[PDB]
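Taking the form solved without the DNA, here's one chain by itself in structure tokens.
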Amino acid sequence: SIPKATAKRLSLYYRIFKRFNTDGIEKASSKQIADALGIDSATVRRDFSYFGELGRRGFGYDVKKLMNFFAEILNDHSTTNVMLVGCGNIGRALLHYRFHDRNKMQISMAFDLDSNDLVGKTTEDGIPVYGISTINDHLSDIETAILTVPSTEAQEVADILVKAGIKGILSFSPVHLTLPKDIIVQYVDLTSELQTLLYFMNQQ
């Protein structure tokens, strides 16, 4: 039963193991993993204690097998249909992207405000685009949403989606949402990421 903070690191560990794997490294020390990741080697070690037999020795981690252990935790769900809400910019890009088959996830419908051009039309990639008005009637097994609408619509729209039965939200809107307890929300705030980057550069 992995701890939350450990789980947030899964995809970081996948990334670093992939690259070791690409470079021909069979075996890695927790020190090497820490140094590449820029975290405390003792954190690598408490994390890896949760990753079964492959991680239970503080050293000589098998790079091929753990790379795969990580990919397979992160793909351990059935095929998930996802809706996109906000076919603006950053949404325009996600709207066209087709996730690798292994990921067992796809954007199967898109939404924008009814004055938008794309409503009614359909993408050359295959995805129909409906008005945020048609949201409630247009649900289905979809539980998961990507949200890319402007700061000022964010909360309003998430509330529509939550009321419509959405349990998970990947939000790009740079505003903090307040939603029922049981609703999962994961944020990618671009401005906050640049601010963090810029703060570490300014530590010199």
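We number the residues from 1 along the sequence you see. By rigid core we mean the largest C-alpha set that fits within 1.5 Å across both forms. Shifts are known only where both forms have a C-alpha.
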>> According to the entry, how many residues of the deposited sequence fall between residue 36 and residue 37 and are not modelled? Options: none, 1 to 3, 4 to 9, 10 or more.
In response: none
> Got a sec? Mean C-alpha B-factor, which is higher, 43 to 51 or 61 to 69?
Replying inline: 43 to 51
> Mean CA B-factor: is it higher for 81 to 89 or for 115 to 123?
Replying inline: 115 to 123
> Among the modelled residues of its chain, does the C-alpha B-factor of residue 198 lie in the lowest, middle or highest third?
Replying inline: middle
> residue 165: which third of its chain by C-alpha temperature factor?
Replying inline: highest
> Among the chain's modelled residues, which third holds the C-alpha B-factor of residue 134?
Replying inline: highest
> What third of the chain, by the recorded C-alpha B-factor, contains residue 147?
Replying inline: lowest
> C-alpha B factor of residue 171, ranked within the chain: lowest, middle or highest third?
Replying inline: lowest
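Quick note: we don't show the form deposited with the DNA bound, though the next part is all about it.
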>> Only one of 54, 164, 170, 36 gets a heavy atom within 4.5 Å of the DNA in the deposited complex. Which one?
In response: 54
> Non-hydrogen atoms within 4.5 angstroms of the DNA in the deposited complex: do 10, 17 and 19 all have one?
Replying inline: no
>> Given that the DNA is not shown alongside this chain, does residue 58 nevertheless sit within 4.5 Å of it in the deposited complex, heavy atom to heavy atom?
In response: yes
> Quick one: is residue 40 in contact with the DNA in the deposited complex, heavy atoms, 4.5 Å cut-off?
Replying inline: yes
> Applying a 4.5 Å heavy atom distance criterion, does residue 197 contact the DNA in the deposited complex?
Replying inline: no
> Contact between residue 201 and the DNA in the deposited complex at 4.5 Å, heavy atoms?
Replying inline: no
> Using a 4.5 Å heavy atom cut-off, which stretch among 140 to 148, 170 to 178, 41 to 49, 153 to 161 contacts the DNA in the deposited complex?
Replying inline: 41 to 49
>> Where, within 1 to 33, is there a heavy atom within 4.5 Å of the DNA in the deposited complex? Residue list please.
In response: 3, 4, 5, 9, 28, 29, 30
>> Against the rigid core, a Cα displacement of 2 Å or more between the shown form and the other one applies to just one of 66, 154, 169, 162. Which?
In response: 66
>> Once both forms sit on the same rigid core, is the C-alpha displacement of residue 39 at or above 2 Å between the shown form and the other one?
In response: yes
> Comparing between the shown form and the other one on the rigid core: C-alpha of residue 133 shifted by 2 Å or more?
Replying inline: no
>> Please determine whether the C-alpha atom of residue 180 is displaced by 2 Å or more between the shown form and the other one following superposition on the rigid core.
In response: no
> For residues shared by both forms, which stretches of 3 or more shift their Cα by 2 Å or more between the shown form and the other one, once the core is superposed?
Replying inline: 8 to 78, 100 to 102
